[PDB]
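Notes follow once the structure below has been shown.
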Amino acid sequence: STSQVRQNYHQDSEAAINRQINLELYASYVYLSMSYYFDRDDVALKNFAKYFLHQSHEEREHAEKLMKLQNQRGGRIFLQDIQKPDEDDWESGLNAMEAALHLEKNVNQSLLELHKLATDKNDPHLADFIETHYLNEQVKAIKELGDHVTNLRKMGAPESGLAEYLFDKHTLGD
Amino acid sequence: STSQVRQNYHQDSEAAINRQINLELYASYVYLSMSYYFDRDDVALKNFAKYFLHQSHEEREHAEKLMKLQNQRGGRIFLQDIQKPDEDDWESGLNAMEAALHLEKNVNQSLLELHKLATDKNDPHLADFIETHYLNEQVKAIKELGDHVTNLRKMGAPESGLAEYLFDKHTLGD
Amino acid sequence: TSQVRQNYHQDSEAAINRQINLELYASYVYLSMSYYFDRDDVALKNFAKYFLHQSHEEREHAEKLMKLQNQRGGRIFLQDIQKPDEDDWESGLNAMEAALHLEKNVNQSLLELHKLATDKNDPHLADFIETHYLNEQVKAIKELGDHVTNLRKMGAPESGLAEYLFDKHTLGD
Amino acid sequence: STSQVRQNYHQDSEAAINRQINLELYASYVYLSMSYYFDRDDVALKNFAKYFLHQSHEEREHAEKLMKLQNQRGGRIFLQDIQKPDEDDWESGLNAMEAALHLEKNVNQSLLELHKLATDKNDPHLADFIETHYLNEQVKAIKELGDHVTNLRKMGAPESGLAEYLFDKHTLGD
Amino acid sequence: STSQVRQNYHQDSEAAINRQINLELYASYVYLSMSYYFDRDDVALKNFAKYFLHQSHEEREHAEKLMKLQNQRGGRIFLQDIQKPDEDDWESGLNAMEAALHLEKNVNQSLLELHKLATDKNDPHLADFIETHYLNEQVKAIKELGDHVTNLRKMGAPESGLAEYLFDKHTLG
Ligand SMILES: [Fe+3]
Ligand SMILES: [Fe+3]
Ligand SMILES: [Fe+3]
Ligand SMILES: [Fe+3]
Ligand SMILES: [Fe+3]
Ligand code: NA
Ligand code: NA
Ligand code: NA
Ligand code: NA
């Protein structure tokens, strides 16, 4: 019993996709936790909460789109525990943005290794899938998060509660 | 005389594109044959017929797009005979779907060999051309045909004409 | 034998199958003409579109014959689609003259298909050929004739300016 | 100090991107110069002038998009002098089209070298950026310019002053 | 030689127009470089970048209009190298606005000298061309840029990182 659709689909890549699914679900969990941190009455930054809730839902499509690809190529989904975030309390708008930047770089590095695995096993379809749906999305998220961390720092965060409040209204509100 | 637009276009690639053109026209000929088999009064599954006529028309678009690529890069089109399909009677809805799956996996492997030729000849444009217009189209066609074969087999085909008739109306007649 | 067959001779069935192959050939010839004019060293965009259109219309002519075959209880048997005689079509004028020759040979095979149909007292098959092919062939042969007349009177194929202007004013709407 | 966004971005690619920005700006300068040559009262080909002014704006966009990519990846833009075109007088429509074809083929090989650099430094994002936004746009420009010299030559240019006039209105004026 | 349209167009004016074309292209290059400096992830002032990107596109059009003027009067365009900006790093929003103020005032001084060259050479058409399309455009640019440095300085830039951020949103936004 091997899948009728399987073709040029190496098993290391199949396993790498299964790990990537867990990573994207994890990322979505991190964002879910950040968003409702900023919903706390003693944090109370509504657009920070909306911004991170949006990222969390985005990561959930990233996970589902990878699950879709596995079935398309004949792989078999095997899910694992979605490890809890490293933090329940994110201290500040700035820290959350700095933490988010770190998370997206780790997902990016696992995606770049997935692409190297695909090219090494000469699977051009999986590589093009990775280029089209993830690599440029990661570069845009990292840059945007970089832009955000720069601005919060120059406004005087995190020491300046006035800085985070104004960033919340003028950049994250739209 | 070498073409005034030719650049970084190996002659092996040129021959390969011409080989792919014939394969795509062959594929479309195979589908045209399937389409009108199900138009026979003793088969009479009109949605199977419409399904395969569409795939036949899409394959010709694939062939024409390869001819467009050949001229774009400065190569020269050379057409060959379009051998007839290996069957005149396609057995059943299920069997036709299985043949289509087998035909599409062969076309995918011919495209995957074309991709290895382009990268070995350091032709990033031809590789990107194959990735965006053919590789994922083949992965989606192979998966869909696989879906169709699973459902037909689980419904009791080709044993029970009631299965193929119902599949013809509820899946292909949407 | 088919449950629907009545008055459909076995020669008619075989002739319909041969006509199907001829129409697919015709469609292949036009496909090859079309992308010749797409070459960067020919670059006649409307000559390419005109011949691509005829190739699609020939594609459909064959399918109507395949539908007719199933309709009358005959059985489709396909054959190889032999390659065109040429890979390079030389000129707009020459391609048009080649097309003129091709449509007249298909017309001659349709005229013989009609003579077989009347001889075998198959009035439906005769009407099928008259309604969908005979006048369509007479219209194509005349139009192709008009095109070779004009290209010659404009000075083709010697005058490269002739083929450019014809491509723009006649084939460009 | 290294950028907070930089990841998998070699210093060789960064330097190559800065040169490509200069090349794209150069090309736009060549086209800007061609455009106003045909605005001269003693040449007076309004659609040649409009056509080449369009290409100049296109190339200027090619440069701006490369600058966007540089900042996205954490590189730093370094601009250089924009050398003059090698001509002030472009002689004829045919000659301008021939010069343009040569210019676009030189940009294509410069972009193709960027692609091999990106793959050698295992930068799949940079490889995909070049494939989607530049390689096929260069292949399309080369083919169109080739079409333009074939027709202009076949009509009798540049000897035939009538040829360039008719080409100017029937091809470039549509 | 000499142009069939040329009339009352001195060669100093012709040569001065050629220099002005190069100056406008320079200005457009300077603005292009400022704009993408504020696109850096360690600056990230999205509206500062758009403000300067707009200025670069306008200067480009200013250059194109002068090239059009050159042809209208029968002069001949001769292009020159577009020297690179004097800085790669523009320090701050305030600093970039102060440089732009400086850049626009020197280009204004180049246009004012072109105007006296036109009046001295009794070219009423070229004088009116400059007054109509450039002189008041420069007077408005100088006034706007002065306004921006005043507000940025009065808000406390560049020390106040919060000032440039708020200016980026409420004045340039
Ligand atoms: Fe993600
Ligand atoms: Fe295909
Ligand atoms: Fe016909
Ligand atoms: Fe370009
Ligand atoms: Fe100006
Ligand atoms: Na790729
Ligand atoms: Na009749
Ligand atoms: Na009739
Ligand atoms: Na005409």
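Those sequence lines, one after another, are chains A, G, J, C and E.
Going by the authors' numbering, the final residue of the first sequence carries number 177, and the count climbs one at a time with no gaps.
Going by the authors' numbering, the final residue of the second sequence carries number 177, and the count climbs one at a time with no gaps.
Going by the authors' numbering, the final residue of the third sequence carries number 177, and the count climbs one at a time with no gaps.
Going by the authors' numbering, the final residue of the fourth sequence carries number 177, and the count climbs one at a time with no gaps.
Going by the authors' numbering, the final residue of the fifth sequence carries number 176, and the count climbs one at a time with no gaps.
Ideal Cβ placement from N, Cα and C applies to all residues, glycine included.
If you drop the 5 nearest sequence neighbours on each side, which residues of the same chain put their C-beta closer than 6 Å to that of E/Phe41? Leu48, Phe51, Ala52
Would you tell me roughly how many angstroms separate the C-alpha atoms of G/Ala30 and C/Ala166, rounded to the nearest one? 45 Å
Between the CA atoms of A/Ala144 and J/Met100 - distance to the nearest angstrom: 57 Å
Within-7 Å CB hit, C/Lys146 to chain J: yes
Of all the CB atoms in chain E, is at least one closer than 7 Å to the CB of C/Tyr34? no
Exposed or buried, what is C/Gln112 when buried is set at 16 or more other beta-carbons lying within 10 Å of its beta-carbon? exposed
Please report how far the alpha carbon of A/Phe132 lies from the alpha carbon of J/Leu97, in whole angstroms. 47 Å
With respect to the alpha helix (DSSP H) encompassing A/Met70, which residues constitute its N-terminal and C-terminal limits? 49-76
Would you mind telling me which residues of chain G sit closer than 8 Å to C/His118, beta carbon to beta carbon, in chain order? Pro127
Under 7 Å Cβ to Cβ from C/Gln86, same chain only, skipping five residues before and after it: list those, please. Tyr29
Separation of E/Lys157 from C/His65, as counted between CA atoms: 39 Å
Proximal residues of chain A, C-beta to C-beta of residue 244 of chain G below 8 Å: For chain G, the structure presents residues 4 to 177; residue 244 of chain G sits outside this window and is missing.
Which residue marks the beginning of the alpha helix (DSSP H) containing C/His173, and which one marks its end? 164-173
Less than 6 Å separating the Cβ of J/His65 from some heavy atom of ligand 3? yes
What I want to know is whether the C-beta of G/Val8 ends up closer than 6 Å to one or more non-hydrogen atoms of ligand 4. no
Whose CA, out of J/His118, J/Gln58, J/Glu27, lies closest to the CA of J/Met37? J/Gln58
Apart from the five residues on each side of it in sequence, which residues of its chain come closer than 7 Å, Cβ to Cβ, to J/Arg63? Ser31
Three-way DSSP call (helix, strand, coil) for J/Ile80 in this model: coil
Using a threshold of 6 Å, is the CB atom of E/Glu62 nearer than that to any non-hydrogen atom of ligand 5? yes
So the candidates are J/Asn109, J/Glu17, J/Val8, J/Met70; which of them puts its Cα closest to the Cα of J/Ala121? J/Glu17
Touch test, the segment 21-28 of chain G against the segment 68-75 of chain G, Cβ-Cβ under 8 Å, three pairs minimum: yes
Is the beta carbon of J/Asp44 less than 7 Å from the beta carbon of C/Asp150? yes
Who are the neighbours of E/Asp45 on chain A, taking C-beta pairs under 7 Å? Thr153
Interface residues of chain G around J/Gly164 at Cβ under 8 Å? Near J/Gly164 there are no residues of chain G at all, since even the closest Cβ is about 16 Å away, more than 8 Å.
Is the beta carbon of E/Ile20 sitting closer than 7 Å to the one on C/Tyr39? no
Check each residue of the segment 85-102 of chain G: if its Cβ is closer than 9 Å to any Cβ of chain J, include it; give the result in chain order. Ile85, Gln86, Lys87, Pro88, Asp91, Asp92
Which residue marks the beginning of the alpha helix (DSSP H) containing C/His13, and which one marks its end? Premise fails: C/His13 is in no alpha helix (DSSP H) and is neither H nor E.
Less than 8 Å between C-beta atoms, sequence neighbours within five positions excluded: which residues of the same chain meet that for A/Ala130? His118, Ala121, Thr122
Is C/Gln7 near A/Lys108, with beta carbons less than 7 Å apart? no
Counting C-beta neighbours from all protein chains within 10 Å, is the total for C/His128 16 or more, i.e. buried, or is it exposed? buried
Proximity test, Cβ basis, 7 Å: E/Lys172 and chain A: yes
Which residues in the same chain as G/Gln141 place their Cβ atom closer than 7 Å to its Cβ, once the five residues preceding and following it in sequence are excluded? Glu107, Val110, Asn111, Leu114
With a threshold of 16 other CB atoms inside 10 Å of the CB of J/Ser95, please say whether the residue is buried or exposed. buried
Determine, using beta carbons only, whether J/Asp84 and G/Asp89 come nearer to each other than 7 Å. no
Top-ranked residue by Cα proximity to E/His60, from E/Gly159, E/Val33, E/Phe170: E/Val33
For J/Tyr168, which residues in chain C fall below 9 Å Cβ to Cβ? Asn154, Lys157, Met158, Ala166, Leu169, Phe170, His173, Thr174
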